[PDB]
């Protein structure tokens, strides 16, 4: 399924190249411009734990990019997305909630998967 496909075929978009955040584009965007740090960003997402034990969906989620308001993986991943793009991210715990987790919702050393649609981004 989608998590396995990303694991096998996804681009490694971490700077350190440690496979911590893997990406596949699913639906292409419009324009060349991807959002700068500081931009208010608007998205629809689906999300789940590898554990199979929790699912979550926006189904408009709003955050300021690259400000650590979201897990590092989103700050990295969404920064590479263009308006109208849909992407799959698979994320190792180092780029999400780490060894501590975020109990009870997120366990220790969790791997996360997300499907993200980037709707738009305005400058702050």
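Numbering follows the first chain given and starts at 1.
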Q) Just how many deposited residues go unmodelled from residue 59 to residue 60: none, 1 to 3, 4 to 9, or 10 or more? A) 4 to 9
Q | Mean Cα B-factor comparison, 94-102 or 75-83, giving the higher one as deposited | A | 75-83
Q) On average, are the C-alpha B-factors higher in 106-114 or in 7-15? A) 7-15
(Q) Looking at 27, 48, 88, 67, which one carries the largest C-alpha B-factor according to the PDB entry? (A) 27
